[PDB]
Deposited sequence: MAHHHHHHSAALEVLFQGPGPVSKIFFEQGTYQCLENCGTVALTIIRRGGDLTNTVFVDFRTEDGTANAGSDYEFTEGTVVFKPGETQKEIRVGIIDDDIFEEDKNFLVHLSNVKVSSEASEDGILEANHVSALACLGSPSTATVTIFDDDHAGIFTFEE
């Protein structure tokens, strides 16, 4: 019986000025009385850390009973008009009973430009 860890949705969106984007990680399956650890980390798409979004990483803990965890990523605003850009948040290193990654364990985040 295997706990799976995955993002609640595979795609998130925000405007450049949204300040931060919230992402939800689900735990489903197996024995929910176990504690589960999952690492997370941003990766550039066409949007770049230090420029369009803030580099973010960490470990999330699903304590017993917990099925939903929220993580936040900083979005950087500017006043230049350009195309919409995306980046990635990968999940990894799941630790418990067996727990592992499900689908999707990468979320893609599109920042929509709000200028012009």
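- Residues of the deposited sequence lacking C-alpha coordinates, numbered from 1, fall in the stretches 1-20, 117-132, 153-160.
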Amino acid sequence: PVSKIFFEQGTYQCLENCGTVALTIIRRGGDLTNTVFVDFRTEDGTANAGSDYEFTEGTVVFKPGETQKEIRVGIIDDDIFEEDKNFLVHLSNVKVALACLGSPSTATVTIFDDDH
From here on, numbers count along this sequence of modelled residues.
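- Stretches compared: 41-49, 78-86. Higher mean C-alpha B-factor in the entry: 78-86.
- In this PDB entry, the Cα temperature factor of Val73 sits in the middle third of its chain's modelled residues.
- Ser92: CA B factor lies in the middle third for its chain, per the PDB record.
- For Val109, the recorded CA B-factor ranks within the lowest third of the chain. Only modelled residues enter the ranking.
- Among all modelled residues in its chain, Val21 ranks in the middle third by Cα B-factor.
- Among the modelled residues of the chain, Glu57 sits in the middle third by CA temperature factor in this PDB entry.
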